[PDB]
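Structure 1 and structure 2 below are the same protein chain in two forms, each given by itself as structure tokens.
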Structure 1
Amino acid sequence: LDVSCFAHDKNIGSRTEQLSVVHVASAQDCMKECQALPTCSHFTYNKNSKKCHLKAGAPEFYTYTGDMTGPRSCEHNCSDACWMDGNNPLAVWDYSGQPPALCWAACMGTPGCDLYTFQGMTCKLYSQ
């Protein structure tokens, strides 16, 4: 279980109410505990105390010595327009050399388009 996506040595804890507390030998075991609970979104593991705290809600970051905070999984890589349920674009177009406004124009002119993104040279259209 990949635990490289988050800092282990920066004292980052989360105050969110927990679902479960256990003691485990490493961060990867805490992650595994989190994955075993359907509703666990993230976890705080403490290096010194070895307590592992599984949590459901959104993180509430704060500083506590020895803490590290990891997601349910590090597999989640998306940062640009990230639909939780996935959602296939209505349209994906090469808009090299075009302003954002013309991707806006494409969305206005496409029935069902609620949202557009323009990263790099790609104009991409979505329906809710």
Structure 2
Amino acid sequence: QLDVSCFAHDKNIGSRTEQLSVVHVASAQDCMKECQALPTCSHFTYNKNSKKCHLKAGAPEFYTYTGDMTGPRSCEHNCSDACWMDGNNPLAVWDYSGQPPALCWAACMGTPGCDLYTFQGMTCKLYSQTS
């Protein structure tokens, strides 16, 4: 069983990105499985009416098309603040409720190694760039 819960199945959301492969399959889950079998598949569009599963490498190009749903290679990728493809743990994560972001900028200034910060939801996260 693959998780297909992170994207809408009934909003007619397609991607125009050029195909890497096309097959027909019986479910969104099966289309995800086809994506995951291809090293360079980043996302897919499955059509519930035609049963076509279009696997794609490039960045999604969203558009509207009846019966389409567009899913990622996997729903496991749930990072949103600053998210490295190769992985990069924050140097620090603090609750900064009631603080301005400029105090998170101050934290980064004062933290050796800190190249950038994020301040989503008043949480101050510090990061070093990787290499």
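So that the term is clear: the rigid core is the largest set of C-alpha atoms that superpose within 1.5 Å between two forms. Please note that residue numbering is based on structure 1, beginning with 1 at the start of its sequence.
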(message) Using the rigid core as the reference frame, would you say residue 92 shifts its C-alpha by 2 Å or more between structure 1 and structure 2?
(response) yes
(message) Aligned on the rigid core, do the two forms place the Cα of residue 121 2 Å or more apart, comparing between structure 1 and structure 2?
(response) yes
(request) For the two-rigid-part motion between structure 1 and structure 2, write down the angle in ° by which the smaller part turns against the larger. (result) 19
(request) For residue 30, give the CA shift between structure 1 and structure 2 in Å, the superposition being done on the rigid core. (result) 0.1
